[PDB]
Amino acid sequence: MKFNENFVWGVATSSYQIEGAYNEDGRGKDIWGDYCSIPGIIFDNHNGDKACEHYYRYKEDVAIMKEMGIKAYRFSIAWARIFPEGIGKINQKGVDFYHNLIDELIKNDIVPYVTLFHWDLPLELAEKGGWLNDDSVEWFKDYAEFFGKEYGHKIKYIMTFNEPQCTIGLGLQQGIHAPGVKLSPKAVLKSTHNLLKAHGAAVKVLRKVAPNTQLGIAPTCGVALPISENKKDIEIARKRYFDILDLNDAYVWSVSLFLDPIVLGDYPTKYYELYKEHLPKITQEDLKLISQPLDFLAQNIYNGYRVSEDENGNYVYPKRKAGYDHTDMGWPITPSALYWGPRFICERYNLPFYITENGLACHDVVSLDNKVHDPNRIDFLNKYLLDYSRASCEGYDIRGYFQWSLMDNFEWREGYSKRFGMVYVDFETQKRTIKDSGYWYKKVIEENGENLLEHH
């Protein structure tokens, strides 16, 4: 067919983007709420104080997912809602909420896929240096250990970190994400190393406290795309996809920087040569701690870029055609990224593969008929899933697909100016309206993708 019988169809959210209740029920502050307090940082000075008020309306959101036949729901845990100080005293109302949300998903036949860290680092830990502090490995370990002890018996999928490229790169190297800083290469690489150690420490303890929970991680990157399907152009894209970038570029946006240590046991050789004078102290236990065996690998994939080389072996990036298909972010629409991306990742790491995020922003409106018509989203998803199907038919071990946001939410620096959900959300009334893509997606799950349109 188009997909295997076990293909997991799902949707994805994150805590800070949907939950709201930022200063309620004992929830501590995080780095993004603090980031939003700086005037002019967020579009129109939006923040996540209320967001979609999912903390109060989660029962309606589960029922909306049941109305679409959604069988899996990827979401994240507000670390500051369970540990308002990052470490130490637990916030029982926070633990109670996630029990109630998880139980609500289980009761509605929805498989929870849990992200432990989706960027909302507790502010108390941030003011102790965050990932710069070597104690961050212990902080995240104890945080993971509690969640496994408290929910491991009813959570079968846990991924540690969401897009460390954004937390480390945009957050500490490029000054684009919270906390919004541009630090030394030493600081960024020590931070990178402490995050990878925190991942490994979390995986290790989660195997003792949650021995029946499958463990993974969901990084992100742009997908290098070959200009043709002959052997030489594919190799160029592959080499670029897993390359280590120079220190004068946005070098944290590397697949191998995080996944080679995690899966292969060490940083790439280029890492040690290029970053030599800024390297953190690396022990083989560090590498043995980071390289804990995983059960699956995940990836958030939104778009790709054509890459080739010139006579000097330097990367060449061809222009995009005038008027190319794009989204409300101005991002390009490149469905082949959901083939080459998964293919390259499976060939290098040979792990069961999930797409934990894929979607687009559309300038959606409630039209005069009280409906939300988003045919551009349907076409986007249809084209991307066709190339995803191509990877599964060629034998790559792809296990599922999570369409990014179930509902419109806080799109970080863009605030609420960008809508990624299949459910429209009026952020004043909090009225949820399922978009056309949501009803289309319901049929995609019902028919496991044999319904998808073709002639790509």
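Position 1 is the first residue in the sequence shown; the rest follow in order.
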{"property": "Average Cα temperature factor in the PDB entry - higher stretch of 279-287, 332-340", "result": "279-287"}
{"property": "Selected stretch [higher average CA B-factor]: 131-139 or 304-312", "result": "304-312"}
{"property": "Maximum C-alpha temperature factor, selected from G169, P112, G152, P268", "result": "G152"}
{"property": "Per the PDB entry, maximal CA B factor within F97, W253, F353, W119", "result": "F353"}
{"property": "Third of the chain's Cα B-factor distribution that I38 belongs to, per the entry", "result": "middle"}
{"property": "Among modelled residues of the same chain, the CA temperature factor third for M407", "result": "lowest"}
{"property": "CA B-factor ranking of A12, expressed as a third of its chain", "result": "middle"}
{"property": "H193 - which third its CA temperature factor falls in, relative to the rest of the chain", "result": "middle"}
{"property": "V209 CA temperature factor, ranked by third within the chain", "result": "highest"}
